[PDB]
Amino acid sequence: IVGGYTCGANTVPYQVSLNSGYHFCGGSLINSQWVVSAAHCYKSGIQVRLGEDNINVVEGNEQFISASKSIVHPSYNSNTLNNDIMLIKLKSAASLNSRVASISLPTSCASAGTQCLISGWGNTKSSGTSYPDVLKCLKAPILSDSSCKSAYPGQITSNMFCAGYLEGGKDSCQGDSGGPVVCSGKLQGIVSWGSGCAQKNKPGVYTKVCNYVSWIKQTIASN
């Protein structure tokens, strides 16, 4: 996260870290057994880390649980990132408490101008590299589809939306991928891609979760 703030320990209790020897992506807990992330975060050997603040220090509220299966969206395209969504099942159910909590799925898509909370352990620099160890947060509005498409002509599908600031300086970035965009209590987005980070006229692009609720509900019930 570039241009954000330190969230505070366990203040985003649905945020997970995906670990394969090291943090490589975020995700969101949607019930005690299941995590939503980006399809571009797919790999073998995932351990889900819940209850995290400092990802380099054991602080006492963590749960570490291996994935038992991963399901990438049937129509995911790894070039364009259309349908950039994946479900991860936990080998054992998480123990839900005030520091390890699920986030609700959308009941519809959200309006442009609505404010959202974007979070992660990704790079905090728009030029160069610095990785925080504590969770970072950013408040950012959903942008209109027209301003999203004008920034990214020929690239945006109905399964994507932009959020952030056209002036630059405030955005998600590398290592935030797969993490949450929460607006009015609903998981409306997944950190997906952008052109660089925090650049002028290059806002963040997010998977439009509202289009996937039926697929999520049916997939988890049959797995």
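Each form is matched to the other, and the largest set of C-alpha atoms that superpose within 1.5 Å is called the rigid core. Residue numbers here begin at 1 and follow the sequence given.
Between 104-112 and 129-137, the larger root mean square Cα shift in 8 other deposited structures of this protein, once each structure is superposed on the rigid core, falls on 129-137. Relative to one another, 64-72 and 161-169 have unequal mean CA B-factors, and 161-169 is the one with the higher figure. Stretches compared: 96-104, 109-117. Higher mean C-alpha B-factor in the entry: 109-117. Annotation for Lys139: CA B-factor lies in the middle third of the chain's modelled residues. Residue-level temperature factors show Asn56 in the lowest third of its chain, judged at the C-alpha atom.
Ranked against the other modelled residues of its chain, the C-alpha B-factor of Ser20 as given in the entry falls in the middle third. In the PDB entry, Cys197 places in the highest third of its chain by CA B-factor. The PDB entry assigns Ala221 a C-alpha temperature factor belonging to the highest third of its chain's modelled residues.
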